[PDB]
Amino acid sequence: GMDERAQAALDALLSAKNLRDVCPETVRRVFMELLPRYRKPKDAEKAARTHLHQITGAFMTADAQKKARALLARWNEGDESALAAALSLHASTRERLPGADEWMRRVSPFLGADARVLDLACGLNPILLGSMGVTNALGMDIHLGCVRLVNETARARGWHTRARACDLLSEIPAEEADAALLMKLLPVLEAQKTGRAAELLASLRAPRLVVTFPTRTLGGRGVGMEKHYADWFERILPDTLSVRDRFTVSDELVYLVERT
């Protein structure tokens, strides 16, 4: 069985306001992976909180989610167009908003007309996509707040797009699709389990993949993250896959990848 003081620490994690919208099985998995590394379960709890913030919490806060909820409601009015204002509330979509036009111009012909699109670790990106005519996507994420907002917005707009819970460390999505998006995802997945990026890429049942990385440059060249991600990606990419194209849009390094 489980130690009682360990369960109290896990309980503090599971009842935390900040984690209320993370998949509980993910919270538990992270904590149990860390629990054998600290003598004090309260130290495992702090370590799990940090881990969970790094992999999902930092992109969107708890009350910015209710704020995003109310903004997207004003967008379906068709007056406000605070659609930009809502998508600005998740760190990964706000990063993409200023280059979104360039991004769709350069990526959408790869996806194909009316493609069935899987958006893996989707955050709020399926709302951005859907606004730009890509309305047949299936998002998935461990952040049930993201999932909920996507489904609500899609049903209100008449999109076929939907989202569902998914922890990519314990599930390789089995859906069929024309394309899958792995945007700003592989580094944080590989941080959670060595080899997991290559295992995911080799097993997805979509012939075209869009894989992207953040270039954490902000006017200076930084420590060279873009080249480091590129080298790593080219080294782990399964031999069954081939890069069709590479380019950088608004501090996002984008790869168009084809199944050979």
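Start at 1 and count along the sequence shown; that's the residue number.
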query: Which of 201-209 and 62-70 has higher mean CA B factor, as the PDB entry lists it; finding: 62-70
query: 80-88 or 109-117, whichever carries the higher mean Cα B-factor; finding: 80-88
query: Identity of residue with top Cα B-factor, from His143, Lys184, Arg155, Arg164; finding: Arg155
query: Residue with maximal Cα B-factor (values as given in the PDB entry) among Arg196, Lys46, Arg39, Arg221; finding: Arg221
query: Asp101 by Cα B-factor - lowest, middle or highest third of the modelled chain; finding: highest
query: Within-chain third of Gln54 by Cα B-factor, per the entry; finding: middle
query: Third of the chain, ranked by Cα B-factor, where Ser15 sits; finding: lowest
query: CA B-factor ranking of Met132, expressed as a third of its chain; finding: highest
query: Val254 - Cα temperature factor, lowest/middle/highest third of chain; finding: lowest
